[PDB]
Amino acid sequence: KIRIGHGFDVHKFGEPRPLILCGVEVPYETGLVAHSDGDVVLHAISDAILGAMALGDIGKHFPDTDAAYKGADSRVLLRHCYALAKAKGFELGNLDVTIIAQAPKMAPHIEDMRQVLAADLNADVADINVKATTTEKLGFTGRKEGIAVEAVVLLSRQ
């Protein structure tokens, strides 16, 4: 059995702290506003994994009303979601992620991001893709208000 999932997340720029994206610190003038560490990339991937498994979403599992998650490293959340999939007998088929951001430039960090995911998903990096595009100065990402991320995943029984 193969199961599909989709994730989507957005956070706004403006938090004076390191910009951590897909577990990688990317140099920038500001960071992302969030309850947790603000890793919008890992959140979208986590929601895709929960989604594929019909386990709801990260708002259910890791609520922003709970101080337990304040400033949390989002790799902990990602690993929890993947562990739920593994406990149900599934593993990664393949993952494809699209970072939608006007800045910063993602290209120098893509490989480091793929390696974070290979480690946390106990996967071959050949089964993991991270991409980036701008929206050519259009919309909220084009105005540098924040970053959006889309992810799709296939999980397979084993």
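One rule holds for the numbers: they count along the sequence shown, beginning at 1.
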Higher-B stretch (mean Cα B-factor, as the entry records it), 11-19 or 146-154: 11-19
90-98 set against 119-127, stretch whose average Cα temperature factor tops the other in the entry: 119-127
Chain-relative CA temperature factor third for residue 81: lowest
Residue 112 by Cα B-factor - lowest, middle or highest third of the modelled chain: middle
Third of chain Cα B-factors occupied by residue 32: middle
Assigned third (lowest, middle, highest) for the C-alpha B factor of residue 51: lowest
Among modelled residues of the same chain, the CA temperature factor third for residue 106: highest
